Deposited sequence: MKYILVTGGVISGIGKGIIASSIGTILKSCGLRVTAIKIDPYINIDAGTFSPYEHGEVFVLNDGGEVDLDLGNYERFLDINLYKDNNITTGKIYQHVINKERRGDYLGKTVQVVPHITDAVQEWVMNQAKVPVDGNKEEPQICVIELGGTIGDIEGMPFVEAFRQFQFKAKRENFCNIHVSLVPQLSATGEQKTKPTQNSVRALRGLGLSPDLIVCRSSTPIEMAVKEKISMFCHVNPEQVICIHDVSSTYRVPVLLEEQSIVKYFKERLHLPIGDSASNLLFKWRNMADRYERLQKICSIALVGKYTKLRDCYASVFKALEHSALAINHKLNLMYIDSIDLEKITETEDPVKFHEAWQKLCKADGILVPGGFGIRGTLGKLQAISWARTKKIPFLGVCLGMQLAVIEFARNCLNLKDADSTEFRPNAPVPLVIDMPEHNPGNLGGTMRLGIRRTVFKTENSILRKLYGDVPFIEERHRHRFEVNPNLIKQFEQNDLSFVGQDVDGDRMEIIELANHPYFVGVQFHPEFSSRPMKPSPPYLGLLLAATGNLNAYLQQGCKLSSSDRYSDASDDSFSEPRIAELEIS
């Protein structure tokens, strides 16, 4: 296969995953079948071990893998369905080698990091690159590998050593390395400094990989004198020093890379047989004037992106105002902030988790303000109506054609969406609710779990057990989120017509 490693320098928050995902959609626009692998040098096996504050949200894959939000960036940019083994971690590879050792698979030889851990990385990358990750069963052409962390962190040392070897245990026609690095810009002088990028490239080149492209991330576009220092000290041509400055949106990052001519580089280097929409979406995003103010009651990064996809599609600006449920709760300055936000809420969003959510539900229910409840927001909705693990892709069957979500999903009798919940509605008690305004509208194939609710005597009050955020992509807004913004702007009855 053809392989593109993306390494990071100086600091991890430079957006390497957006760059890597951007080059993947560039290559896809050039007609290529692109895979992605993310290396996360953490010793954790799956992101289910994390808090939402640590690594952002737990993105959920079709196979039930729990991963950090950057596999959602590859899914959203490439329109791809990743498997749990497209995330490589140090825990996953060390445990693999330890298990092989105990099985005698290393034939009584001493197991050690080089070669055995480095071979495990190569074995895994070669095979997961070949996985059909598009819906097309045809073997991929390119694999973009993001090496997470910063080159020079101790946890990354097996992977760069593996990738050093992988140059030679392949061809230069088949492997290149992108180094993404911070070019810090000083306050008082405006001066862009190249020293961290030079030092990071020196470290990377000391690990036996050379930058084939250097991607500068900078606050402002870099000056030619700055690009000249980088091309001289990092021993790469000026045409191989790319600048991605702070832009308006992720839609503009692929467009910017065409305007740095990366396709000519990848054609020449990787010997490749080679956007519109990203321009259009960027150009639209920069012109969004009509505010839709929604109350959310990187912890919710797919939720925010799903709303922005929906907002863009209806040519509105999202104003996502985040409210803690403890602010709305009876426990008082932040109460008069939170409830004031909840007054100017055109829609209420109660996402998942593991108290004032119930008050926001009551507010939305009573005042007839548009509501989307996801996972816990469905369960709390059922609960508060009464007062007044299941992991990965599953089929949800609609119990009727008289469903607003069914119209938004395109009249289909069932949907396949991603789940992540341990708790569900009691099958014996459903007959308390069916008599009244809260219809249970979607169920599993087993008929035990109700998985969608709709409140009938309301513009749009829906609850879903699945996370339809993980299915959201710019080209196809997540229908439960689209319905929320359509309802909040009154356009729902025009769309459903």
Missing C-alpha runs, given along the deposited sequence, first residue counted as 1:
275-281, 305-311, 346-350, 374-378, 413-447, 557-586
